[PDB]
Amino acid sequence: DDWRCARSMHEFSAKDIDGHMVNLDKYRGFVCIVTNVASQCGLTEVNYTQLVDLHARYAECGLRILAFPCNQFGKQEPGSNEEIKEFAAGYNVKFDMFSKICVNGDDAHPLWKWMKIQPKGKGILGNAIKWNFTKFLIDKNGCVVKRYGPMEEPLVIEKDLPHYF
């Protein structure tokens, strides 16, 4: 359980959606939006399109987006990784997709376990991820600086970006 001792997102790794292992220290020096995604959520469209739009506008300034598929909320990500990738490709996604994970419980990916306990990664009423499309703002040092709940559209993050750009 050495995820508990980490101080930065950059101490973790994740399998991307194609199966390649990714050392998240490649995001050192970039501002990151880390989010759990789903294909069959009522807010699937607004989140995917607004994250693609944010990426189109701010990748030039060092913004990156890490999307983690998750099937724990109403079973709204039932597909395989290749199906989820083809679905993201349909929204013209060019940011970083990862393999499907869990975000809550003892099988939760250690990075999400880590994000939930960060001083700014704790949510209103408990740390558990409440639904699809919870967003974390990660700074250039890999620290969590804000958590955004599932009803907050990505464009709500836009005004906090220039503080960390």
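Start at 1 and count along the sequence shown; that's the residue number.
Looking at the deposited entry, does 122-130 or 31-39 carry the larger mean Cα B-factor?
Comparing 122-130 with 31-39, the higher average CA B-factor belongs to 122-130.
Hey, what third does residue 155 fall into on Cα B-factor, ranked over its chain?
For residue 155, the deposited C-alpha B-factor lands in the highest third.
Third assignment of residue 10 from its chain's C-alpha B-factors
As the PDB entry reports it, the C-alpha B-factor of residue 10 lands in the middle third of its chain.
Where the record places residue 64 (Cα B-factor, split into thirds across the chain):
Bottom third by C-alpha B-factor.
If you rank every modelled residue in this chain by C-alpha B factor, which third holds residue 102: lowest, middle or highest?
As the PDB entry reports it, the C-alpha B-factor of residue 102 lands in the middle third of its chain.
Among the modelled residues of this chain, does the Cα B factor of residue 146 put it in the lowest, middle or highest third?
Within its chain, residue 146 is a lowest-third residue by C-alpha B-factor, going by the deposited values.
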